[PDB]
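# Coordinates in review
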Amino acid sequence: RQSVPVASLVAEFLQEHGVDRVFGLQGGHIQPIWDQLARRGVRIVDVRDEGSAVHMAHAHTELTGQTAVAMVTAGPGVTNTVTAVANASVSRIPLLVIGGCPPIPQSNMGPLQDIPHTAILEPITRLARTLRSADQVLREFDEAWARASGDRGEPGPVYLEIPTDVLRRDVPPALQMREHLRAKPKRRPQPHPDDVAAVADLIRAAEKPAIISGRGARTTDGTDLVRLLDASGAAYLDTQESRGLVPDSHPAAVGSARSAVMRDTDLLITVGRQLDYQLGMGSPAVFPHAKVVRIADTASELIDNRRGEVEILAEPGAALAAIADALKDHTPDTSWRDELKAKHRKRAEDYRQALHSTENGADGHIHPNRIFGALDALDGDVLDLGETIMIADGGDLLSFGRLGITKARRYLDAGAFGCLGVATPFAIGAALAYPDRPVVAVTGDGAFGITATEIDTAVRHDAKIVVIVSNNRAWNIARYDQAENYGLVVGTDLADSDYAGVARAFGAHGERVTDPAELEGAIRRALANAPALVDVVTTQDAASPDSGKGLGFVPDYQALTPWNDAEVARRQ
Amino acid sequence: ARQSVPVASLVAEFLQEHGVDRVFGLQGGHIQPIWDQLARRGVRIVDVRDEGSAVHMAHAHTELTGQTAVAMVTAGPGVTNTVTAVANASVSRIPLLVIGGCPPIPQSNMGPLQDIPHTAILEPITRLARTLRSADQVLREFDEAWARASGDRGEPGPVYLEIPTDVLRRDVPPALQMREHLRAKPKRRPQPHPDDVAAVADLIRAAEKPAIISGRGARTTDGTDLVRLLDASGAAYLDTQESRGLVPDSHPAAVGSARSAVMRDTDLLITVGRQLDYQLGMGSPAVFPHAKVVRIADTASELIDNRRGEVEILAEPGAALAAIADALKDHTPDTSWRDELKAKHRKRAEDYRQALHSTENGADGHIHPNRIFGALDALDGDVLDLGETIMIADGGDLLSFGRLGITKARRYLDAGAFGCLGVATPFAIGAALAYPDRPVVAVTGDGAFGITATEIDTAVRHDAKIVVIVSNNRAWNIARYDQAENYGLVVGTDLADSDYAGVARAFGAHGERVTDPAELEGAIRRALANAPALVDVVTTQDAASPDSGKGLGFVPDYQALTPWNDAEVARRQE
Amino acid sequence: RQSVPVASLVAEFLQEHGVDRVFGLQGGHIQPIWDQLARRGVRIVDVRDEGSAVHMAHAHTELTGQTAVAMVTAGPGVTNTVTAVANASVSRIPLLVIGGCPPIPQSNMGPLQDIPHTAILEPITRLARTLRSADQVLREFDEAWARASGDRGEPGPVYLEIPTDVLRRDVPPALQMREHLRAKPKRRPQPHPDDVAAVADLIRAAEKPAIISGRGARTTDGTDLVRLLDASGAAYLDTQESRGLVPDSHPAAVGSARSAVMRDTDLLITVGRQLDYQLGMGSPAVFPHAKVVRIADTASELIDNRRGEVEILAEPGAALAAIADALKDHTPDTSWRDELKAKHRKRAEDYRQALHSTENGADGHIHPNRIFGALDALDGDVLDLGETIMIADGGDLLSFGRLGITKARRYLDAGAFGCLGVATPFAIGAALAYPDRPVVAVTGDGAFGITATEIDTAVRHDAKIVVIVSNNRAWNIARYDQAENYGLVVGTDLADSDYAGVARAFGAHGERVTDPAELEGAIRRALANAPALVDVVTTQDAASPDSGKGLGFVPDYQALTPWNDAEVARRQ
Ligand SMILES: CC(C)(O)C(=O)SCCNC(=O)CCNC(=O)[C@H](O)C(C)(C)COP(=O)(O)OP(=O)(O)OC[C@H]1O[C@@H](n2cnc3c(N)ncnc32)[C@H](O)[C@@H]1OP(=O)(O)O
Ligand SMILES: CC(C)(O)C(=O)SCCNC(=O)CCNC(=O)[C@H](O)C(C)(C)COP(=O)(O)OP(=O)(O)OC[C@H]1O[C@@H](n2cnc3c(N)ncnc32)[C@H](O)[C@@H]1OP(=O)(O)O
Ligand SMILES: CC(C)(O)C(=O)SCCNC(=O)CCNC(=O)[C@H](O)C(C)(C)COP(=O)(O)OP(=O)(O)OC[C@H]1O[C@@H](n2cnc3c(N)ncnc32)[C@H](O)[C@@H]1OP(=O)(O)O
Ligand SMILES: CC(C)(O)C(=O)SCCNC(=O)CCNC(=O)[C@H](O)C(C)(C)COP(=O)(O)OP(=O)(O)OC[C@H]1O[C@@H](n2cnc3c(N)ncnc32)[C@H](O)[C@@H]1OP(=O)(O)O
Ligand SMILES: Cc1ncc(Cc2csc(CCOP(=O)(O)OP(=O)(O)O)c2C)c(N)n1
Ligand SMILES: Cc1ncc(Cc2csc(CCOP(=O)(O)OP(=O)(O)O)c2C)c(N)n1
Ligand SMILES: Cc1ncc(Cc2csc(CCOP(=O)(O)OP(=O)(O)O)c2C)c(N)n1
Ligand SMILES: [Mg+2]
Ligand SMILES: [Mg+2]
Ligand SMILES: [Mg+2]
Ligand SMILES: [Mg+2]
Ligand SMILES: [Mg+2]
């Protein structure tokens, strides 16, 4: 070891921790680190808006399991990340944001961009610190990295900033400890056999067990989950954050039976999943028959809203496998599961077939379902959807996408936070992580306007993305809530903008589609010329399931009207 | 068959159902609705003279019993009087619940009586700090906060809940009162991964001088799996103030008078439920120059701080210790380093303990405080069983003398890593009410005692059989010493020759003064037979504790003590 | 100038800012400052509990107008001040708390007493900072001092901490600027003549104008206030924080007519006073006839709860004088004022006379009013109450004191915060500020137990205080609310403690009184042998006005039942 500046040690820490790319937007306050990363051969993915850098890191970590890194300058560089940080905090995604900040001598004197970054981010981070001791910077980075995994909290974003004078200070070689530089393995807490046995007992007693998966299940490869489904005879639901773990053809996979599974299950088993608004707060109003069991590697997925008759705090894979083993010699009763599955096959197959022929709305424009029809028709022709990363974003478009996207290797979307604008940044992070296939993002026009200039970033860094815009000249789920519940549409219309032209202005391939029969051809050309955008002129006369269920209205007790009605009855 | 009842009734029931049989507090209007309901269910109310003392009593209760304890305080100054005791619990990572009063929702921000931002003041030193504005969700919020106090979504420590008085009085329909939120919950038991267990056993097989240092998380076990691992590993053993009492004094590993020698030479430091904070030299290579590091804990607050393990086990510590012991089944440890320390320890500790009975008066003619520990040792097996006694220490010099003078105790409590002066009397009261059969003896500096002296009243009114012994040296003496030695000017560190026995008698406790060291055993004997009691010992200012000699008072740049700091300064210049 | 350590410059800053005493409790982290203060001859008033030091500083500033200073060590030294800081923040009293904290190199490493002091205090301070730049420490002190006066906020407490390594760092002489060292005058914003004229117009139109005073009025000597009372014919009420500004014999002074003034005034003029719970939130329910005008040097006494038809933001003295001048040639209609005054003379005189002969309660013990009777009887004999600083504290005792203490040079009490325990610390700060007269504090036994050991501090520093304890073996306003509203008394009884014995154990003169006829003699002996305590064995059978009006109950909308009833009617 030799005496080297803090900036050098930070670049080395990152590379040794397995960071081969940093997302960011340059400023003077972070230039010392930016320079050292480039000199070590860490790829710098520079963006048009720092928020997008943090979104890219989110997508990288969620897909790969490797903690990802954004770097931004002081002041507006940091404040531009708050949305993307909050989004990662809600989704419990490990990531590190490195911020610039003013030299220590000028503290509180009104130097350029002295604002309280750590106080702004503290509520939505696992850690937010200013590092004022050159010798301790390495230690602070390693500890923050561990806290991003969930140590002393739960998985999510961490923020570190180093005053520019400290970045330039040398650290003597004695104080540069290998144990802080090196990569660390993930923790693997194991289940207690008595909890495993108690869950197996509940499964044996249940007639309609159901497993709902989430983030923590999606950190596994799905095989231990499938073992437990086979051993238990449980029905299976996933969530936006846990798609892709169980084959569609599995006798448990009943994705078109969400309401029926929740209404009738007598044993809800959550696997790395919150009982947040997406699952009716786990309310007895939404699960009127269910006993509850919770399995997770974080109490953020054990204690919220409902408590388990058993709760297992362990690596979910190990817990699923242990419970499967414990059900050695059990003959599951699968008759409810099988009855749902027979209905599911009809419902899901009729729905997927109908995507190819959805009528234009009353305004003469494409129904957005035809986008998902066209993608389905191209499967096995010009792309393999089973190898493809799919992304959805928007309001009505997002709700249609949840039903229209049925084969994907991986799925990302606006998340429980409802974070519009993720589509393009996510696509870029996904595409640079998995350079072999195009990544396909389908987005509302409203959501796309937030991050459209990142098309430039995809072109400059050669991220092979296809963006498909549902261009309905509107914030349409908003416009619909305005008409139905208020009788006045105001400030929710957009214009017939040329998003293909925006894409072409930033060097991407672009095409506009007004005729639904042109979709397959346009998506074929976009895939062969990624990065590319397909601007689809879509109808305003198409209510998504989210629209129909009052998501826009914000009821008192539940996100959706039917759940809220059930909660009002429970409360009497 | 549940009925519609007020939030205040549901809170009292939640607490009782979670195993709460006592609440420490001080009444105010904002919390009276809960206070009343606790009394009507038969939960004992231990009312104090200062809310901070209530939170100290809860801390002592949880630390000793493992049962999360509860303090209840009114809005405004009731809540703000808890901040020190909350911070203390936060540093020590002790689960506890503080329930605060606060103004009715309609008056928010309007200058109602005692509207201050309690949650913002406490957020930095709690695992959770919330105002509960939805009557039907109060039970849920209590149960989740209780789990966060155990360490869920954070690490063990204090949580804060406050319920606006209008919410306390609102009815909750019976369908919304869920059994799953009312019922007591078992502690979590994450288990070790066998590959980590194997990797630690491999490091132990390869070490020549393994050493285990225990802390809080070890002290949550009964010590028997720790002993199994000591036996299988041949490791030397050190404890810390927060982990006394787990290993028999005569165990071949127990080498408490060889602290420097263990740290200087160990080639494998194993932390068990212990932080590498200032009390262990930040785990610095300057203080552990030969050590590989392994960390075992049920919380990463005792795995990632300052040093990283070659292996880190995140599990219930008992299970991890037992697993590693099993893995060493056929290992024959090399115990020659441990045994050589142990032989020197036996003599050093025995000579130290013997000399306590005869320590000379200082140049000012007053008792050396070590004679307090001599007297207690002399009474062991006569009028008290030290092995069954909860010992407490507090102060500056007195506390440092206590760390060597208190060697036999069932359990030990003190000022903590936070250096929280004034814990002695509140801790003794919580300890005595938890263990009413048992001797409870607290030894304190005069300076520390003045912070919570009026709690003697609480001990008398609630019949807490405590003995407080005051090292009355008319000074904040570790401070006075640092002033003289490093600054050449003693100012604002002298106190007076106060009659602390008279203070105790004024509050209906037994009290006696001792000026002659030969009177100490008799005065402590009379105090034990007449508890609650105070013994006011007139002690010397001419007596430097180890803490005093090592520069604790000076606050060096890198380490709490001069010798460690010198070692760190050398490390920084390689 | 020469190169000197930060610790030296801090001691010099304080002395040059007019600080001749610092209240505190020693620790290693602040020893460098403590030492330098002593070497410059600043008196160190060392206490038994840091909270008491901050209370002492509060009392000094409230009485003298000089910003006062407490100094405490890291960790529990700082956390022991939070109550006294909150109290000063509620009362808007300028003061500076200097805290110790760990050296910068050990930040976040678990050094001794590293807790987030600034985050704990930020919500109840005008400023809370860690000072990490030796050269900028002086500047930070001067700016914080200004913010304690109300610059960039409103008057109140500020907190500064200096890491011990920074305290020991030298500052070159160039960077030690005279402008930061020197004392600064208070600000004196002036009224706008059009606002002055608009208030005079409202007074001319009013038939029952009333002035209520507060903190900002009490920063004046009362003479401009009396000029405006004379010019306006207004009735006058003060509050606990504004006693002593208007002679008792003034035709406006109607202190026994509080309810009548609020019910019937058609023009409420607040002068440096909040419309907080102490004035019924200024609700139309409590002031049903009143137009509102607000005068203050801080918007903290202009915008809360009621807005003025006119609001004057100015030095209150100047504003009162300007409005008096503007009422040149007005003949006030004083008939309502005079009618209140005639009733007030009877009510207040009967009340004061009855204090001398109040019967023992049913339990055979002294009614606490006899304490105020005895003090009244000694006036002009062994003390001059008109030159005496009176302090009250407790529950029932505090409410009796508000009526029983009618002549004092100055009055302090538990404040709008209801801060039990202030009595002894306040008495000590008052006595060291005004060494010529004994200071008299009357306290409940409950409140006294919080700070009783400060009797030691009064003895060691020779603060000539007399403490009189209403020893009713109870938190009695609490016990009464328990009996009346709940039918169960539990955890509100105390014991028949020997507080005289506690005082004597700390070297003070002490005496116990069981016979009300012994009060004058005991108080005479206490005054001649201060510091002294008189332990009065008092009745539990005595409801204070606060007790009778439901203060203990905490109604939904107002602090007191009758105000709350009026608010409930207003809300229908
Ligand atoms: C750090 C990084 C890169 O990551 C960032 O985030 S930078 C953020 C984006 N940039 C900014 O926000 C700008 C920040 N800096 C400034 O605001 C300015 O540099 C300053 C206020 C600190 C200094 O500005 P000046 O006081 O130098 O003002 P200017 O108006 O820029 O004048 C420059 C020169 O032109 C002169 N000048 C002005 N008007 C002129 C005129 N009309 N004709 C000729 N000369 C003219 C002026 O006198 C002066 O010359 P001199 O007297 O120093 O030689
Ligand atoms: C409030 C506002 C407007 O300002 C916002 O900010 S909104 C923010 C942007 N939007 C979001 O972030 C979305 C938030 N909402 C949601 O995530 C969802 O509404 C929910 C998670 C709360 C509830 O979703 P569901 O549990 O209904 O799940 P979906 O996958 O949407 O399925 C809807 C229906 O289609 C069904 N379905 C699923 N896949 C199918 C398939 N392949 N074929 C046929 N039907 C299928 C499914 O069973 C169900 O029907 P049913 O069982 O209720 O009858
Ligand atoms: C800064 C200020 C003044 O403002 C404050 O606020 S201070 C706050 C109040 N004080 C505290 O909270 C104490 C803080 N400090 C400590 O906790 C300790 O100094 C330390 C943890 C940092 C260091 O303690 P040690 O590791 O030195 O442990 P001790 O138990 O005190 O042992 C001291 C010595 O006695 C030895 N010893 C222990 N038990 C013995 C026995 N039974 N017989 C003989 N010797 C014995 C022990 O080995 C050692 O000698 P050596 O090996 O260094 O020579
Ligand atoms: C909630 C709990 C118990 O947990 C707490 O924490 S309480 C905290 C400790 N207590 C406090 O901090 C006190 C808080 N409350 C108050 O400050 C007062 O209740 C108040 C400011 C809200 C209202 O006080 P008032 O405006 O009633 O003022 P007082 O000076 O108390 O006067 C009471 C009555 O005596 C009258 N009075 C005043 N001086 C008199 C005199 N000299 N002779 C005769 N009568 C006199 C006065 O006019 C009035 O009678 P009326 O006009 O209403 O009929
Ligand atoms: C940053 C932000 N601001 C507003 C909103 C609120 C919202 C959620 S969905 C929606 C309409 C989306 O319009 P889009 O054109 O993308 O989709 P479509 O319905 O198919 O026309 C809005 C305004 C959110 N969640 N995020
Ligand atoms: C609340 C608080 N304020 C100050 C301090 C700083 C301190 C730590 S030790 C000490 C002196 C203790 O004097 P004592 O009389 O108890 O013991 P002895 O040395 O034997 O005479 C001080 C002032 C701490 N830690 N906490
Ligand atoms: C730190 C704090 N904790 C509790 C309370 C709540 C309270 C306000 S008044 C009172 C009773 C006071 O008893 P005392 O004996 O002093 O007076 P008396 O009624 O005449 O017997 C309590 C408990 C407050 N405000 N502050
Ligand atoms: Mg933005
Ligand atoms: Mg749209
Ligand atoms: Mg002492
Ligand atoms: Mg206190
Ligand atoms: Mg009382």
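Residues numbered from 1 in each chain as written, not as in the entry; some residues may be left out. Chains lettered and ligands numbered in written order. Part of a larger assembly, values for the part shown. Heavy atoms only, no water.

Method information in the entry identifies X-ray crystallography as the source of the structure, with 1.625 Å recorded as the resolution.

### Description of the overall build of chain B
Of regular secondary structure, chain B possesses 25 helices and 19 strands. Taking 574 residues into account, the globule formula puts the C-alpha radius of gyration at 25 Å, and chain B, at 25 Å, falls close to it. Taken along its principal axes, the extent of the C-alpha atoms in chain B is 70 × 60 × 50 Å. Across the 574 residues of chain B, 67% fall into the buried class. In chain B, the share of contacts with a sequence separation of at least 24, taken over all contacts with a separation of at least 6, comes to 73%. With an accessible surface of roughly 17,600 Å², chain B has 47% of that area assigned to carbon and sulfur atoms. Across chain B, the mean location of the 59 positive side-chain charges is 3 Å away from that of the 77 negative side-chain charges. (Helix = DSSP H or I, 4+ residues; strand = E, 2+ residues; numbered from the N terminus. Rg over C-alpha atoms; globule rule 2.2 N^0.38 Å. Buried < 20%, exposed > 50% of the residue type's maximum accessible area, 1.4 Å probe, protein only. Contact = heavy atoms within 4.5 Å. Areas by Shrake-Rupley, 256 points an atom, 1.4 Å probe, with all protein chains shown as cover. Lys, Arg positive; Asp, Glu negative; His and termini not counted. Charge placed at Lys NZ, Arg CZ, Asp CG, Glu CD.)

### Points about the interface of chain B and chain A
In this complex, chain B contributes 43 residues to the contact, which on the side of chain A involves 43 residues. Interface of chain B and chain A: buried area, both sides summed, is about 3,800 Å²; carbon and sulfur atoms make up 48% of it. On the chain B side of the contact with chain A, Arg153(B), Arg188(B) and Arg308(B) bury the most area, a combined 20% of that side's loss. Between the two partners, chain B and chain A, sit 14 salt bridges. (Buried area = accessible area lost by both parts, 1.4 Å probe. Salt bridge = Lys/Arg side-chain N within 4 Å of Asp/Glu carboxyl O.)

### A look at the nonpolar core
Across soluble globular proteins, nonpolar side chains show a tendency to be buried alongside one another. Core analysis: the largest hydrophobic core is formed by 124 residues, its most contacted members being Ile392(B), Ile456(B), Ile466(B), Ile391(C), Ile455(C) and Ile465(C). The greatest single-element share of this core, amounting to eight residues, is contributed by helix α18 (residues 424-434) of chain B. Setting aside anything within four residues of it in sequence, one finds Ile465(C) in contact with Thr424(C), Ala427(C), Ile428(C), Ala431(C), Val439(C), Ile455(C), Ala458(C), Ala530(C), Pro531(C) and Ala532(C). Among the nonpolar cores identified, the runner-up in size contains 51 residues, and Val47(A), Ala68(A), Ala70(A) and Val422(A) belong to it. (Core = buried A, V, L, I, M, F, W, Y, C linked by side-chain atoms within 4.5 Å.)

### Thoughts on the sheet that holds strand β17 (residues 465-471) of chain C
All names here are of chain C. If you trace the six strands from one edge of the open sheet to the other, you get β15-β14-β16-β17-β19-β18, paired in parallel fashion. The open sheet terminates on both sides in strands that have one partner only, identified here as β15 (410-412) and β18 (509-513). When the angles between neighbouring strand axes are averaged without regard to direction, this sheet yields 15°. Bridge count for β18 against strand β19 (residues 532-537) is five bridges, and the pairing is parallel. The residue of β19 that forms the bridge with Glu511 is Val534. Helix-sheet contacts for helix α16 (residues 369-378) involve β14 (389-393), β16 (439-444), β17 and β19, and the interaxial angle to β16 is about 170°. (Pairing = 2+ DSSP bridges. Axes fitted to C-alpha atoms, helices over the stretch in contact; angles between N-to-C directions.)

### Here's the deal with the sheet that holds strand β4 (residues 68-72) of chain C
All names here are of chain C. Across the sheet, which stays open at both edges, the six strands sit in the order β3-β2-β4-β5-β7-β6 with parallel pairing between neighbours. Each having just a single partner strand, β3 (43-46) and β6 (127-130) make up the two edges of the open sheet. Direction aside, neighbouring strands of the sheet carry axes that sit 20° apart on average. Relative to β3, strand β2 (residues 21-24) is paired through four bridges, and the arrangement is parallel. Among the inter-strand pairings, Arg21 is bridged to a residue of β3, identified as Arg43. Along the sheet face, helix α7 (residues 137-149) touches β4, β5 (95-101), β6 and β7 (157-163) and points at about 165° away from the line of β7.

### Topic: the interface of chain B and chain C
Taken residue by residue, the interface counts 86 residues in chain B and 84 residues in chain C. Counting each side, the surface lost to burial between chain B and chain C is near 6,600 Å², with a carbon and sulfur contribution of 61%. Summed over the three residues of chain B that lose the most area to chain C, namely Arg49(B), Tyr487(B) and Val555(B), the buried surface amounts to 10% of that side. Along the contact surface separating chain B from chain C lie zero salt bridges. On the surface where chain B and chain C come into contact, there are 34 residue pairs in polar contact. (Polar contact = N/O pair within 3.5 Å; in protein donor to acceptor, adjacent residues only side chain to side chain.)

### Overview of helix α15 (residues 336-355) of chain B
Residues and elements named next belong to chain B. Between the first and last C-alpha of α15 there are 29 Å, a value that for 20 residues agrees with the 28 Å anticipated at 1.5 Å per step. For α15, the set of buried residues is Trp337, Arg338, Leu341, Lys342 and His345. Each element contacted by the buried residues of α15 is listed here: β9 (210-214), β10 (236-238) and α13 (259-265). (Expected span 1.5 Å × (residues − 1).)

### Quick look at the coordination of the magnesium ion (ligand 12)
Residue and element names in this part refer to chain C. Surrounding the magnesium ion (ligand 12) are the protein donor atoms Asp445 (OD), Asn472 (OD1) and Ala474 (O), which sit 1.9 to 2.1 Å from the metal. For the magnesium ion (ligand 12), the single-chain donor residues occur in sequence as D-x26-N-x1-A. Placement of the pair is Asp445 in helix α19 (residues 445-451) and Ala474 in the loop between β17 and α21 (476-486), with a sequence separation of 29 residues. Each of the two residues, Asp445 as well as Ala474, counts as buried. (Donors = N, O, S within 2.8 Å, 3.2 Å for Na, K, Ca; no water.)

### Quick notes on the packing of helix α3 (residues 50-64) of chain C against helix α5 (residues 82-91) of chain C
Residue and element names in this part refer to chain C. In the contact formed by α3 and α5, the axes pass within 8 Å of each other and the chain directions differ by 25°. Of the possible angle classes, the one that applies to α3 and α5 is roughly parallel. Residue-level inspection shows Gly51, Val54, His55 and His58 of α3 in contact with α5, the latter providing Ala84, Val85, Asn87, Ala88 and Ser91. Here the contact of α3 with α5 is built from residues that sort into four nonpolar, five polar and no charged. (Parallel < 35°, antiparallel > 145°, perpendicular 65-115°, else oblique. Nonpolar A, V, L, I, M, F, W, Y, C, P; charged D, E, K, R; others polar.)

### Comments concerning the pairing of β2(C)
Residue and element names in this part refer to chain C. In β2, alternate side chains face the same way, and those of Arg21 and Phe23 on one face and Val22 and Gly24 on the other are all buried. Across two bridges, β2 lies against β4 in parallel orientation. From the neighbouring strand, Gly24 faces β4, where its bridge partner is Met71.

### Things to note about unusual backbone geometry
With the exception of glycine, most residues fall at negative phi, and the peptide bonds are largely trans. Here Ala530(A) and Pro531(A) are connected by a cis peptide whose omega angle stands at 0°. Here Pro531(A) lies in the loop between α23 (519-528) and β19 (532-537). Omega for the bond connecting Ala531(B) with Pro532(B) falls within 30 degrees of zero, at 0°, which places this linkage in the cis form. Summarising the element assignment, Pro532(B) is placed in the loop between α23 (520-529) and β19 (533-538). Phi at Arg92(C) is positive, roughly 55°, even though this residue is not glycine.

### Description of the site of ligand 4
Lining the immediate environment of ligand 4, one finds 26 residues, of which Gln240(C), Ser259(C), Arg402(C), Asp546(C) and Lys549(C) sit closest. Contact between ligand 4 and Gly29(B): an oxygen atom at 3.0 Å from a main-chain N or O atom of the residue. Contact distances for ligand 4 include 3.4 Å between a nitrogen atom and a backbone N or O atom of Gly255(C). At the level of elements, α13 (258-264), α15 (335-354) and α17 (396-404) of chain C are the ones that each hand at least two residues to the shell around ligand 4. (Near = heavy atom within 4 Å.)

### Re the site of ligand 7
Around ligand 7, the structure places 22 residues, and the nearest of them are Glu51(B), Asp396(C), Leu397(C), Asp445(C) and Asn476(C). Residues close to ligand 7 are split across chains B and C. Backbone polar atom of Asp396(C) to an oxygen atom of ligand 7: 2.7 Å apart, as the coordinates give it. Between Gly446(C) and ligand 7, the recorded distance is 2.9 Å, taken from a backbone N or O atom to an oxygen atom. Within the complex, the protein chains bury 93% of what would otherwise be the 590 Å² of accessible surface of ligand 7. Within the residue set of the shell around ligand 7, elements represented by two or more residues are α17, α19 and α21 of chain C. The dominant element in the shell around ligand 7, judged by the number of residues it contributes, is α19(C), at three residues.

### What about the side chain of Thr388(C)?
Residues and elements named next belong to chain C. Secondary-structure assignment places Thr388 in the loop between α16 and β14. With relative accessibility at 0%, the residue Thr388 sits in the buried group. Here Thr388 is in contact with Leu383, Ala408, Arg409, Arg410, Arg437, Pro438 and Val440, once residues within four sequence places are set aside.

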